[PDB]
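Residue numbers (the working numbering): 20 to 119.
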């Protein structure tokens with residue numbers, strides 16, 4: 020996990036570790052925590068969407084899988100959605116790992 024954006028004293032930096040941000044760019048510990056909160060907040064929402072759209076290869080019934088397999092995968096999406104879609108993602112998301 021690296022901070023997708025730290026607005027350091029020398030300006031804005033894209034895709035940077037907490038180490039690199041402080042070491043080279045001289046980012047504040049309040050600027051690290053902020054960017055950490057915000058990278059987490061970005062990751063968890065997008066990650067839920069990733070689990071849906073990446074596993075969409077099973078959801079398209081064109082694939083040659085059993086109804087059981089496709090149902091387990093239709094449950095995979097629906098279980099991620101059964102978990103409340105966390106607005107302002109400041110809670111450790113624990114969701115299903117894929118069956119196959």
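By construction, the Cβ of each residue, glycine as well, lies at the ideal position given by its N, Cα and C atoms.
Using C-beta distances below 6 Å, list every residue in its chain close to residue i, excluding the 5 sequence neighbours before and after it, in chain order.
| i | result |
| --- | --- |
| residue 89 | 77 |
As a quick exercise: from the options, pick the residue whose alpha carbon is nearest that of residue i.
| i | options | result |
| --- | --- | --- |
| residue 114 | 106, 30, 63, 58 | 63 |
| residue 5 | 100, 43, 26, 119 | Given that the chain is displayed from residue 20 to residue 119, the structure contains no residue 5 and the question cannot be resolved. |
| residue 110 | 47, 118, 46, 58 | 58 |
| residue 46 | 33, 29, 61 | 29 |
| residue 108 | 73, 61, 27 | 61 |
| residue 102 | 85, 70, 83 | 70 |
If contacts are defined as beta-carbon pairs under 8 Å, then residue i and residue j qualify, I think. What distance do you get, rounded to the angstrom?
| i | j | result |
| --- | --- | --- |
| residue 39 | residue 67 | That belief does not hold up - the Cβ atoms of residue 39 and residue 67 are roughly 28 Å apart, past 8 Å. |
Per DSSP, residue i forms a beta bridge with which residues?
| i | result |
| --- | --- |
| residue 26 | 31 |
Identify, in the order they occur along the chain, each residue of the same chain with its Cβ nearer than 7 Å to the Cβ of residue i, setting aside the five sequence neighbours on each side.
| i | result |
| --- | --- |
| residue 41 | 51 |
| residue 55 | 22, 37 |
| residue 48 | none |
| residue 75 | none |
| residue 117 | 74, 95 |
Quick one: what's got a C-beta closer than 8 Å to residue i's C-beta in the same chain, skipping five residues either side?
| i | result |
| --- | --- |
| residue 33 | 23, 24 |
| residue 79 | none |
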